[PDB]
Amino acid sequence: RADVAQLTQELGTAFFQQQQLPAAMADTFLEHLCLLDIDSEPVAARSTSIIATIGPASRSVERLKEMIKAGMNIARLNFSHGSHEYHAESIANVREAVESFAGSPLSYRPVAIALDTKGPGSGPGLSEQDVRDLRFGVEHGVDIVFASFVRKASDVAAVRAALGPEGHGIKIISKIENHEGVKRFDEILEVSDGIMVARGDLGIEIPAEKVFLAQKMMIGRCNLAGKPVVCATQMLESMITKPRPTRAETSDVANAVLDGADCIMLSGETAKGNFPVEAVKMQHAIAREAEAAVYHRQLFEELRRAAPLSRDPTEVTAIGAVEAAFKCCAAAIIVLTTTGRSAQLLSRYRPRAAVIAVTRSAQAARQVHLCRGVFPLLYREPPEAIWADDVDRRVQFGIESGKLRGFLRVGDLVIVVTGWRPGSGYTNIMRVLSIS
């Protein structure tokens, strides 16, 4: 109690009852479980991103606006169904719904567009249809590709090649859907930007009772690697027809978050279901509760010991900033990023503080939704003559956006992470600031 006594007198006894704080202060995992309280409300913003599959039930511009308000971060286009003309209309409807909020840049929410490929099917390499669908994604500016049935590192190289020179910035999330993919996992993850645990096909290729081992191992290996991991298929399946999910479904969503999944997905739930906005609201509600129940004491310590020593200033500054954020119960970590890399390196250490990422890249702002706990802000202002002043304006943009969105209150402490010179890869500074 001596390690909380002073901050208890300062922040109050009511602060330390919320967001499962008594449970996270526990010395053991058994004590942590015993200290979980249903009356302990989550205060932090929802960090696990929600991928919603776009279909007939969620294609209208007006419906898409409701899903954005409900918590949709990434829009998935399943290229197994629909024509190129159909998917181009979906992309346009999504962009129209997202840009309807651009009038207020302090409260604008970027939404990523992901292309889920049909797959190789009976074939060995990349199918002819996949090459055409990938060329479509490049021409239409998709941010992510969920490459279906990845079975080796050569499969991911084929997808990167089909994207061409212009599709270099697109993120490749390899869907592990069969036994070969599970066995060659380490070689696949090495060449991928992240992974997707495609439980539907995986539950047919391997025994249904073994899928949870594959999900847990893949999530843990992705967490170790610092790369995003998506949990997919049948998460809230009953919500396709019913307004409330089963006890197994709510348990499943919460357990995917507890395992360490960066993203959670809705397939039929939002693409063809009667309750698409309600499925997004439900995933948001469960994720918020599950994230508070994460045992950060052992999680951070294990992530820290497992991570190898590094001489990269971005990597060093990231662990220093996350450690600083935990020490003062920082409301947020504000980071300036160009490619999203600095925000990704903060994210891998799983801080309780929100990683508010300020970027000028619209693509990077959409793609950082793949990383848990990263809240992107798109800076639209033109560059100042003095670089040091341009940096200060972006930091103030992050504070004003964070104050307006409820992340920051006056009196709160924030960690600011910046670089010494412009251009990607020079992040090396950490500042402790008091919100005034």
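Numbering starts at 1 and follows the sequence shown. Just so we're on the same page, rigid core means the largest C-alpha set that superposes within 1.5 Å between forms.
Query raised in the report: Following superposition on the rigid core, is the mean squared CA displacement, expressed as RMS, greater for 98 to 106 or for 76 to 84 in 9 other deposited structures of this protein?
Result: Higher root mean square deviation of C-alphas in 9 other deposited structures of this protein is shown by 98 to 106.
Query raised in the report: Which of these two stretches, 23 to 31 or 379 to 387, has the larger RMS Cα offset in 9 other deposited structures of this protein when the rigid core is kept aligned?
Result: Larger mean C-alpha displacement, comparing 23 to 31 and 379 to 387 in 9 other deposited structures of this protein, is found in 379 to 387.
Query - Mean C-alpha temperature factor, higher of 100 to 108 and 228 to 236 - result: The stretch with the larger average C-alpha B-factor is 100 to 108.
Query - Stretch exceeding the other in mean C-alpha B-factor - 19 to 27, 424 to 432 - result: 424 to 432 has the higher mean C-alpha B-factor.
Query - Residue with maximal Cα B-factor (values as given in the PDB entry) among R46, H32, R393, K69 - result: Max CA B-factor in the entry, restricted to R46, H32, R393, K69: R393.
Report task. Quick one: which of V277, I188, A92, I173 shows the highest Cα temperature factor in the PDB entry? Result -> Across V277, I188, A92, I173, the entry lists the biggest C-alpha B-factor for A92.
Query raised in the report: Where does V257 sit by CA temperature factor within its chain: lowest, middle or highest third?
Result: As the PDB entry reports it, the C-alpha B-factor of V257 lands in the lowest third of its chain.
Query - Third of the chain's Cα B-factor distribution that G203 belongs to, per the entry - result: For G203, whose C-alpha B-factor we compare with every modelled residue in the chain, the answer is the lowest third.
Report task. Place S83 in the lowest, middle or highest third of its chain's C-alpha B-factors, as listed in the PDB entry. Result -> For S83, whose C-alpha B-factor we compare with every modelled residue in the chain, the answer is the highest third.
**Report entry** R184 - Cα temperature factor, lowest/middle/highest third of chain
**Finding:** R184: CA B-factor falls in the lowest third of its chain.
Requested in this report: Place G273 in the lowest, middle or highest third of its chain's C-alpha B-factors, as listed in the PDB entry.
Outcome: As the PDB entry reports it, the C-alpha B-factor of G273 lands in the middle third of its chain.
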